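Below: the structure, in structure tokens.
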Amino acid sequence: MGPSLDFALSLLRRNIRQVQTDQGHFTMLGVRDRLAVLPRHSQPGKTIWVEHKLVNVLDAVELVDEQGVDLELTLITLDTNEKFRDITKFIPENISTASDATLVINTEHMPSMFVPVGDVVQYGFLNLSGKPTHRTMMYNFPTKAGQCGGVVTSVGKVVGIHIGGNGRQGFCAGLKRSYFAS
Ligand SMILES: CCOC(=O)CC[C@H](C[C@@H]1CCNC1=O)NC(=O)[C@@H](CC(=O)[C@@H](NC(=O)c1cc(C)on1)C(C)C)Cc1ccc(F)cc1
């Protein structure tokens with residue numbers, strides 16, 4: 001509710017970017033330095049649109065956890081002029097569920113949008129259009145196409161990235177701090 005909403009708003013300007021790839025429109029969380037995270041499904045190429053600018057991509061590396069499981073997110077590094085404000089400290093050391101979370105969407109079509117998704121609960125194994133992953137979490141909210149990459153936040157942590165849904169529920173890849181270690 002209110003507390004996750006205001007924390008979510010504090011991330012928006014400095015860290016939550018509108019992007020476009022050949023696959024469509026996505027929300028992108030910038031984490032530190034020139035490092036950001038996107039859904040694998042966005043399939044970033046050699047350039048990517050960020051806000052109004054076509055930006056060269058330094059690399060895109062699929063995020064695979066310490067158990068060898070693809071998390072369906074890719075870590076992208078960018079030929080941006082400025083570094084992102086470092087939000088490492090807001091990514092929890094442990095994958096975290098949360099009550100009354102906020103999902104932040106920021107795309108050209110859904111700009112600066114805060115979605116009260118309610119409680120985010122453990123889900124675990126998830127088969128997303130035939131691609132299996134784990135460590136996912138679920139919220140009973142009817143998320144939509146165009147919300148992938150959306151940032152799931154608690155009172156003061158960034159806990160997940162929206163990756164899929166079935167029309168009545170939504171699912172995020174869980175985040176923990178070690179995923180972003182250099
Ligand atoms: C570029 C445009 O594409 C997009 O908009 C990305 C947006 C949507 C957001 C969905 C869109 C709808 N409700 C939502 O919240 N995401 C996907 O579509 C994903 C597929 C699903 O959500 C599928 N769901 C399940 O499999 C699923 C399983 C359970 C359990 O619940 N849902 C549905 C398409 C059927 C794409 C994907 C494929 C393979 C993966 F490794 C990982 C992801």
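Simple scheme: letters A, B, ... for chains in structure tokens order, numbers from 1 for residues in each chain, numbers from 1 for ligands in the order shown.
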Fewer than 5 positions away in the same chain doesn't count, so skip those; otherwise give me all residues within 12 Å of residue 165 (chain A), counting only C-alpha atoms, as a PyMOL selection string. chain A and resi 126-129+136-148+170-173
Residue 77 (chain A): which residues within 9 Å, counting only C-alpha atoms, same-chain residues fewer than 4 positions away excluded, as a compact mmCIF listing (two decimals) with N, CA, C and O atoms, in the first residue's frame?
# COMPACT_ATOMS: atom_id res chain seq x y z
N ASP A 33 26.06 1.27 -11.81
CA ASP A 33 27.03 1.43 -12.91
C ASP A 33 26.25 1.56 -14.22
O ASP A 33 25.35 2.40 -14.30
N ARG A 34 26.55 0.77 -15.24
CA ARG A 34 25.77 0.76 -16.47
C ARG A 34 25.02 -0.56 -16.62
O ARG A 34 24.77 -1.03 -17.73
N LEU A 35 24.64 -1.15 -15.48
CA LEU A 35 24.07 -2.48 -15.42
C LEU A 35 22.58 -2.40 -15.12
O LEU A 35 22.16 -1.73 -14.16
N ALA A 36 21.78 -3.10 -15.93
CA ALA A 36 20.33 -3.11 -15.76
C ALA A 36 19.83 -4.53 -15.96
O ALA A 36 20.58 -5.42 -16.36
N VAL A 37 18.55 -4.76 -15.66
CA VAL A 37 17.99 -6.09 -15.83
C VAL A 37 16.70 -5.99 -16.64
O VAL A 37 15.90 -5.07 -16.46
N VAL A 57 24.25 -1.31 -26.84
CA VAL A 57 24.30 -2.33 -25.79
C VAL A 57 25.72 -2.87 -25.72
O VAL A 57 26.30 -3.29 -26.73
N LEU A 58 26.29 -2.87 -24.51
CA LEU A 58 27.65 -3.39 -24.35
C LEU A 58 27.63 -4.91 -24.36
O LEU A 58 28.44 -5.54 -25.05
N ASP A 59 26.70 -5.50 -23.61
CA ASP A 59 26.54 -6.94 -23.55
C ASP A 59 25.19 -7.24 -22.92
O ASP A 59 24.57 -6.38 -22.29
N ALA A 60 24.73 -8.47 -23.13
CA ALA A 60 23.53 -8.99 -22.47
C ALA A 60 23.82 -10.43 -22.07
O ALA A 60 24.13 -11.26 -22.94
N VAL A 61 23.76 -10.72 -20.77
CA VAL A 61 24.18 -12.00 -20.22
C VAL A 61 23.00 -12.57 -19.44
O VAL A 61 22.53 -11.94 -18.49
Among the residues A:2, A:13, A:19, A:41, the one that comes closest to residue 162 (chain A) [using only C-alpha atoms]: A:41
With region 101-104 of chain A as the partner and 12 Å as the cut-off, tabulate the residues of region 24-45 of chain A that qualify, each row holding the nearest pair of atoms and their distance in Å to one decimal, using only C-alpha atoms, sorted by chain and rising number, as a Markdown table.
| residue | atom | partner | partner_atom | distance |
| --- | --- | --- | --- | --- |
| A:26 | CA | A:104 | CA | 11.3 |
| A:27 | CA | A:104 | CA | 8.3 |
| A:28 | CA | A:104 | CA | 10.1 |
| A:29 | CA | A:104 | CA | 9.9 |
Would you write out those residues with C-alpha atoms, as a CSV table (one decimal), in the first residue's frame?
chain,number,residue,atom,x,y,z
A,26,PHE,CA,9.4,-3.3,-21.4
A,27,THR,CA,10.2,-1.8,-18.1
A,28,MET,CA,13.9,-1.9,-17.2
A,29,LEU,CA,15.5,-1.7,-13.7
Which of region 5-152 of chain A counts as strand (DSSP E or B) under DSSP, as a PyMOL selection string please? chain A and resi 16-21+24-33+35-39+47-50+53-64+70-78+84+98-105+113-128+131-139+151-152
Looking at A:175, A:161, A:31, A:1, which one is nearest to residue 87 (chain A), with distances taken over only C-alpha atoms? A:31
List every residue of region 15-56 of chain A that DSSP, applied to the backbone, labels as helix (DSSP H, G or I), and write the result as a ChimeraX atom specification. /A:15,40-42
Kindly export the residues of the current selection with N, CA, C and O atoms, as a compact mmCIF listing (two decimals), in the first residue's frame.
# COMPACT_ATOMS: atom_id res chain seq x y z
N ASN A 15 15.92 5.06 -11.56
CA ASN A 15 16.26 3.65 -11.79
C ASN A 15 15.28 2.83 -12.62
O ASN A 15 15.57 1.65 -12.86
N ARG A 40 14.24 -11.92 -20.08
CA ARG A 40 14.81 -12.65 -21.21
C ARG A 40 13.95 -12.49 -22.46
O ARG A 40 14.48 -12.33 -23.57
N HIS A 41 12.63 -12.50 -22.28
CA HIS A 41 11.68 -12.42 -23.37
C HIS A 41 11.81 -11.15 -24.20
O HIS A 41 11.29 -11.10 -25.33
N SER A 42 12.47 -10.11 -23.68
CA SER A 42 12.66 -8.88 -24.45
C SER A 42 13.71 -9.04 -25.54
O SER A 42 13.72 -8.24 -26.48
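Checking A:25, A:135, A:46, A:14 one by one against residue 82 (chain A), counting only C-alpha atoms, you find the shortest gap at A:14.
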Quick check, in Å to one decimal: how far apart do CA of residue 24 (chain A) and CA of residue 133 (chain A) lie? 22.4 Å
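Restricting the calculation to only C-alpha atoms and all ligand atoms, the smallest distance between ligand 1 and any of A:132, A:44, A:68, A:124 is found for A:132.
The interatomic distance for the pair atom 28 (C, counted along the ligand's line) of ligand 1 and CA of residue 164 (chain A) works out to 6.9 Å.
One distance worth recording is that between CA of residue 22 (chain A) and CA of residue 86 (chain A), which is 28.0 Å.
Counting only C-alpha atoms, the residue from A:169, A:81, A:94, A:154 that sits nearest to residue 53 (chain A) is A:81.
Counting only C-alpha atoms and all ligand atoms, the residue from A:6, A:93, A:119, A:70 that sits nearest to ligand 1 is A:70.
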Contact residues around residue 89 (chain A) with only C-alpha atoms at 12 Å, ignoring same-chain residues under 5 positions, as a PyMOL selection string: chain A and resi 31-32+94+156-159+176-178+180-181
Take the selection from the previous step and output its residues with C-alpha atoms, as a JSON list (two decimals), in the first residue's frame.
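Output file result-v4.json follows:
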[["chain", "number", "residue", "atom", "x", "y", "z"],
["A", 31, "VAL", "CA", 20.82, -1.43, -10.74],
["A", 32, "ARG", "CA", 24.24, 0.23, -10.60],
["A", 94, "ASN", "CA", 17.55, -13.34, 0.63],
["A", 156, "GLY", "CA", 11.85, -0.86, 1.27],
["A", 157, "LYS", "CA", 13.18, -3.64, -0.97],
["A", 158, "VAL", "CA", 13.09, -4.54, -4.61],
["A", 159, "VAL", "CA", 11.97, -8.16, -4.52],
["A", 176, "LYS", "CA", 18.58, -11.31, -4.33],
["A", 177, "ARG", "CA", 21.68, -9.18, -4.03],
["A", 178, "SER", "CA", 24.23, -11.83, -5.05],
["A", 180, "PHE", "CA", 24.20, -8.56, -9.22],
["A", 181, "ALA", "CA", 27.70, -9.10, -7.81]]
